[PDB]
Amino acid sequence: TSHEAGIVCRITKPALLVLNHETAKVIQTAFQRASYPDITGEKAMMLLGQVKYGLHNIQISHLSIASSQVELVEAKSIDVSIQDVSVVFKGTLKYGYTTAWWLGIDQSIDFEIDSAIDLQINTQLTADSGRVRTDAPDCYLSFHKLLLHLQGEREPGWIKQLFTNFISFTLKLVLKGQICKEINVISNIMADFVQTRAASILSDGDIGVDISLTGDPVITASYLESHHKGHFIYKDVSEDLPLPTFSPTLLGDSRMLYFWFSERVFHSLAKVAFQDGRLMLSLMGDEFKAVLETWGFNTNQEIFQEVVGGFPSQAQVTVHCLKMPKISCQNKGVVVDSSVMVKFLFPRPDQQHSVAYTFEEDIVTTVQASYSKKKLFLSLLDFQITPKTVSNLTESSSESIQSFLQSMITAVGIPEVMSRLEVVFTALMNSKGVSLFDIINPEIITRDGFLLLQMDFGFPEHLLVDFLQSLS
């Protein structure tokens, strides 16, 4: 099989195995969210006549899930089995001897219902209006025990039988009907939340990415897989341009999470970043002097003194992209070809002596990315600089000046821009909470036409507990 998408997400069986340690927390929440209506009636009891009854204020007093197991059913669903969910309900039994009025006043007995259940939830994943929706219509319950215990162990003779016959049955059906409904709601609440957080991560101000599905998610016995548009949105405008082709053969099934990114995404990124006016840098006096030092060169050297030079607190440097950067995914790395305008101004007392140069050039950099210790790291594999139009805006100019300014662009400009770049993406991910998760041995892999993120993750316990508590 083959798929049309700009971005692809693959969650494998090892990821589901780690997430299965939290299934009980979700199932517990489902029981805790359900609304059990009162069970009332009036039947003629053996030798007693009409007895009007009611099981009121049914609340859970104890819950315990023994173990859960998850299985991927190819082309069908995600099958979760929950064994031995020990439930204890409490409430009030209220009755009256309608016909046998001689038997005294109406009663109110506090009871406990001790039940053991085995569950089977088979969740189907579908594309609903761009987003993944979850539907579990195959939700099953198997009861191991369903015992009533009344305060003081009271028994007139009609209670146990009315509970064994009649009541037992309806209660089993009320429970399944509520529990399954709640599992489906919590399940969709999670899906919705995960997708909202994923869309938040892939956005900054007027820039966002359209992660709308291209088809229903894929279920194999090895993995779960979802295919996304990946079209960039700018100021609430997007274009439904034909999608690249994804091959499920390109991805593995060993790591917990595999992310596929077409190079069109990086191209579409560069376009919006350029148009939003983000691709510019400006350095003033002190900041400019600090940058030169930061790149292993002492400020009070001779070289500096002749040109940077007149007044260090008055020196200006501006870099802006002339046109949109051309990004390409290669086996060797991410290759970025950017047409830049570097402007240098070193004002002197008399505006004649000031050195004013404008370097209009094309810089090609081959980058390699890394993530570790909750930071993004960009390293330079190779580069090429071709000056298109170097210009001097004063009589204060020579070839040695042009060389010092050009060496500055190469030896300081390239490492600093990459340094600032890594900081920005690190801040974005941090602010969007990517650092909250424990990302284990991640690998950024560049290939011809695409990039690949392969990772194992440590699911953070308390954050789910927090989210689960935050419902109504």
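Throughout, we count residues from 1 along the sequence that is shown.
- Averaged over CA atoms, B-factors in the entry run higher in 291 to 299 than in the other of 185 to 193 and 291 to 299.
- Just going by the entry, 352 to 360 versus 316 to 324 on mean CA temperature factor gives the higher value to 352 to 360.
- The PDB entry assigns the greatest CA B-factor among 79, 395, 135, 225 to 395.
- Per the PDB record, 102 has a higher Cα B-factor than any other of 383, 259, 102, 371.
- In this PDB entry, the Cα temperature factor of residue 347 sits in the top third of its chain's modelled residues, the highest group.
- For residue 122, the recorded CA temperature factor ranks within the lowest third of the chain's modelled residues.
- In the PDB entry, a CA B factor belonging to the highest third of its chain's modelled residues is recorded for residue 462.
- When the modelled residues of the chain are ordered by their C-alpha B factor, residue 389 lands in the highest third.
- Annotation for residue 235: C-alpha temperature factor in the lowest third relative to the rest of the modelled chain, per the entry.
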